[PDB]
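Have a look at this one before I ask anything.
Because the Cβ atoms are built from the backbone with ideal geometry, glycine has one as well, and the counts that use them run over all protein chains shown. FYI, it's all coordinate maths here, none of it is from the lab.
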Amino acid sequence: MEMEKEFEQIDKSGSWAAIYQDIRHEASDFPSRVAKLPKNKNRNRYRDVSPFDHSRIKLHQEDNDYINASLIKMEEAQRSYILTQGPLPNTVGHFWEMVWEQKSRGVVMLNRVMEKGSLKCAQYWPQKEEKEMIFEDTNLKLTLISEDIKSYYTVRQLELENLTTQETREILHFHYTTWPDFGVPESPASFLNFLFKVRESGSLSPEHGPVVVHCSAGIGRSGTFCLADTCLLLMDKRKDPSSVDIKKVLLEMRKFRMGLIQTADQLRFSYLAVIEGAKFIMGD
Ligand SMILES: COCCNC1CCN(C(C)=O)CC1
Ligand SMILES: COCCNC1CCN(C(C)=O)CC1
C-alpha cells in the first residue's frame, strides 16, 4: 500500500502495536559474540543492545578492537551510517578514535546528557574554547571552535587532532536538544528541519566517511533519523515514489543493527516524518 493512506488506515483501526510486533518477529537474528566477551562488559551500556559481529565497527588496535557501534550500509539509497550508543566514561577515547579512523565529518546526537534525572551519556566534548580535552588512552586532542545555539538544536565546530601525527580535522557536532523525556514529538517539523541541516553540511555525503549517530542506546531515536533520511532519498531516486515501503526499509536496516525503532510510537512518528517531508521536498 501507499504510505499516507496505510497511515490513516492504521490510525483508524488502532493497530500500531500489531504492526510493530510483526516487525519485531520478522527481524534478523545474527551473532554478537564479541560484544558478550567478559573483557567487554564495561564497554556496553545495556546488556540487551549489542552490535552484530558481521557489521560491527573495529577499532584499529591490537589489544582490544571492540566498540558498541554498527555500520548500516544502504545499497540502493547509496548512504551509510554508523549507529552507536552514547559514550560511557571508559569509552570516550574509543568513540573519538572511531570518528578519526572512519574519516567521519559529522556526529549527530539525539539525547541530552541528563534525561529523567539520570545520566544518558558522558560529557564527551568540551564546553569552553579555552578548556580542551585530551584522551590519553587513544592519543587525541579535542577543541571547541564555535557553538551556535538555536531553539531546537545546537551546532558545534570541533577540532580533532591526532597527537601521534599532528594531523588535524574539522568535525561538525549536530545536537538535537528538544526530544521529550517521554514519548515522541507532537509534530515532525523540527526533526525534519534538523535532518536537512545535517544534509546541507556535507556530513551525509560520499566524499566523507559515514556520519556517526547516537542517542542513549543507539537504536531508538537513532533508528528514526536514518530510517527517515533513507526513505526520503529513495522517494527522490525512484520513478514511482509510492513504491517506497517504510516497513521493508526498516527490516533491511535491522540486518545491520538489532532493535532499530524501540516502540510503536516511534514507528508512527517515523511514518509521520516521511509523509510530511515528502511534501516539502517538492510542493504540497
Ligand atoms: C583533567 O581531566 C581531563 C579529562 N579529559 C576527558 C574528559 C571527559 N572524560 C570522561 C570520562 O568523562 C574523559 C577524559
Ligand atoms: C499514490 O500516490 C502516492 C504518491 N507517492 C509520492 C509520490 C511523489 N513523491 C515524491 C517524493 O516525489 C512522494 C511519494
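Report the net charge of residues surrounding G93, where surrounding means a beta-carbon distance below 9 angstrom and charges are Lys +1, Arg +1, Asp -1, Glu -1.
Every neighbour counted, the sum reads -3.
Where a Cα-Cα gap under 19 Å defines reach, which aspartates and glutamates qualify for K279, not counting those fewer than 8 residues away within the same chain?
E2, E4, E6, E8, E186, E200, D229, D236, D240, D245
Still on this structure, I have one more. Would you kindly compute the Cα radius of gyration of the chain and its largest Cα-Cα separation (Dmax), both in Å?
According to the Cα coordinates of the chain, Rg and Dmax are 18.7, 60 Å.
If the cut-off is a Cα-Cα distance under 19 Å, which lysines reach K131, setting aside same-chain residues fewer than 8 apart in sequence?
List returned: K141.
Right, something else. Using just the helices of the chain, give the 222 nm mean residue ellipticity in deg cm²/dmol: DSSP H runs with n ≥ 4 each add -39,500 (n - 2.57), and the total is spread over all residues, rounded to 500.
-9500 deg cm²/dmol
What net charge do the residues around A69 carry, taking every other residue with its C-beta under 15 Å from that of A69, with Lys and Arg at +1 and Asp and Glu at -1?
Charge balance in the 15 Å sphere: +3.
How about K58: which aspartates and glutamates have a C-alpha closer than 14 Å to its C-alpha, ignoring those fewer than 8 places off in the same chain?
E97, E101
Could you give me the percent of Cα pairs per 5 Å distance bin for the stretch 91-172, shortest bin first, beginning at zero and ending with the bin that holds the maximum distance?
Using 5 Å bins, I get a P(r) of 3, 13, 24, 26, 19, 10, 4, 1, 0 for the stretch 91-172.
Taking the Cβ of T154 as the center, what net charge do the other residues with Cβ under 14 Å away carry, scoring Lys and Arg +1 and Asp and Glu -1? List each step's numbers first, then the result.
On the way: positive: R112, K150, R156, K197; negative: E147, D148.
Surrounding charge for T154 is +2.
For the stretch 137-203 and the stretch 60-106, write down the distance between their C-alpha centroids in whole Å.
If we compute the Cα centre of each part, the gap is 15 Å.
Between their Cα atoms, which of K36/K247; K73/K247; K5/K247; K36/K255 are more than 21 Å away from each other?
Beyond 21 Å between Cα atoms: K36/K247.
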